[PDB]
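Student: quick one, what's the 3D model for this:
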Amino acid sequence: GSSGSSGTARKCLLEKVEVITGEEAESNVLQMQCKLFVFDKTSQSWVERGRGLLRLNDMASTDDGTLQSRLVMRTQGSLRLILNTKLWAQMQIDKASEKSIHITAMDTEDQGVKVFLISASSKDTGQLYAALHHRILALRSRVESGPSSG
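Tutor: Residues are numbered from 1 along each chain as shown. Take a look:
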């Protein structure tokens, strides 16, 4: 084989990812057209943030190396991204209605945690929801060991 050293006298391997393409090769659980709304204390109500397509993409964890998840929402116009946050075990999500849902996420610019809403058909709404929950149940199952059998 070959042998050569330079500057940094420490490396992981030749086939480094830094050079390798994002190769995101992420997974698409479920995709459906939905709308996003945020509560602006200013108006004290739901304000139009961005309406378009919504889907749950599965990503790999870094410190956990496990199947991580996040909340993405692309608009209908230029599929622009306005909502991007990584779900967490202590994630807040409750089913307000069979069509609307209350989930907490962080913005991309404001990077602040706010109460987001999800409006969709009585069916679609249940789909996306049935997903989120799990996304968290998988995390809470790691932090805690669980019930120890006597």
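
Student: now do the helices in the protein.
Tutor: Using DSSP state H, the helices of the chain run over residues 122-143.

Student: grab the most central residue of it for me.
Tutor: Nearest to the mean C-alpha position of the chain, by Cα atoms, centre = their mean, lies residue 70 at 1.0 Å.

Student: how about the nearest residue to it, chain neighbours excluded?
Tutor: Leaving aside its chain neighbours, residue 70 sits nearest to residue 86 (4.5 Å; criterion: Cβ to Cβ, 6 or more residues apart in numbering). For the C-beta atoms, the positions are set from N, CA and C on the backbone; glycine is no exception.

Student: sorry, back to before: any idea how far residue 61 is from the residue nearest to the centre of the chain?
Tutor: In this view, residue 70 and residue 61 are 11 Å apart by Cβ to Cβ, to the nearest Å.

Student: next one: residue 28
Tutor: In terms of Cβ to Cβ, residue 28 sits 18 Å off from residue 61.

Student: so which of those two has more stuff around it?
Tutor: residue 61 (13 against 9; other Cβ atoms under 10 Å).

Student: who touches that one in this structure?
Tutor: With contacts defined as Cβ atoms under 8 Å, 6 or more residues apart in numbering, residue 61 is in contact with 67-68.

Student: can you pull out the strands in this structure?
Tutor: In the chain, the segments counted as strands under DSSP state E are 27-40, 45-60, 67-75, 81-86, 93-94, 100-106, 113-119.

Student: how far off strand 67-75 does the second one point, in degrees?
Tutor: Same thing as strand 45-60. 140 degrees (axes from the mean of the first three to the mean of the last three Cα atoms, to 10 degrees).

Student: roughly how far out does strand 45-60 sit from the chain middle?
Tutor: 10 Å (Cα atoms, centre = their mean, to the nearest Å).
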